[PDB]
């Protein structure tokens, strides 16, 4: 390699402080250390988690940072000990890591690895506690263990899923978070049953992923709910048999859904991050056995509430992180399902744009006119 062992200069989008546009300038990326992988991103998408940390909402937010966490790339070099991947391999960097040995990687019903989360959340690396980006000798900090807003990034060995070398990296960059989450929420968390009734709250990428997996699961009725009727026709494509605007009704949205279905829906998914809607989705879960899965991320410190009656009479409140998928073992599986023509992964992307335009991708987001925009360099 020209590059291996050497630092690397490349074009990144740096966030200097919150609530403020991104600076597409140049960055130096250190060589990878023990148990690390330097990845060359080739495509990367925008997620609402990214705009949320840009808004000063994250308590653990650490500026300056390189945002970005939905991406695919190519291994460029690895540090010492790294036997899982080798330069040339095609990868998806995963904010949710996989160790194989900790308590949660072993339990069949979780994926909340504790391998490296102590450090990715502070923005640094495990080998020496310091980050790996630099701008004029001053450190830039990592976000969510990935930082896919640079041409090259360095990530923990536990965070790289190796994928089929023949998958289009400008499509499966979506499998690195948002779309996987909505899929797993149905398949792993809720385990949606054939013939069930589903109600999804919020028809963004995640929301539509839920609706997709719900059809693939045999849902006999999928109710979609958004305060944006211009999301309905795409939602009916992905499989929604019903579309509801809460503003079109007086009764609270929960009582509305309980009315169309008599008792509620077998499964309800909240893909917004609003605690009022969360409580609402629980309360239109079906009496006696309904499940509500909280998918979205709320403002830190904000609370959800309901009446204990809603659970003493049969509903179940749960959540999901990255759809419950065990990243490294199972993200290669999602690529495989993609490569068998089984998903609608292609329909999720609405805009391909170049990385110099990152800041206008954020304004196309903040207005909800796209679902997902893949950026290439």
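Residue numbers count along the first chain shown, from 1.
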| query | finding |
| --- | --- |
| Stretch exceeding the other in mean C-alpha B-factor - 192-200, 92-100 | 92-100 |
| Comparing 269-277 with 239-247, the one whose average Cα B-factor in the PDB entry is higher | 239-247 |
| Maximum C-alpha temperature factor, selected from 289, 183, 119, 149 | 149 |
| Chain-relative CA temperature factor third for residue 347 | middle |
| Position of residue 52 among the chain's modelled residues by C-alpha B-factor, lowest, middle or highest third | highest |
| CA B-factor ranking of residue 216, expressed as a third of its chain | lowest |
| Residue 62 CA temperature factor, ranked by third within the chain | highest |
| Chain-relative CA temperature factor third for residue 187 | lowest |
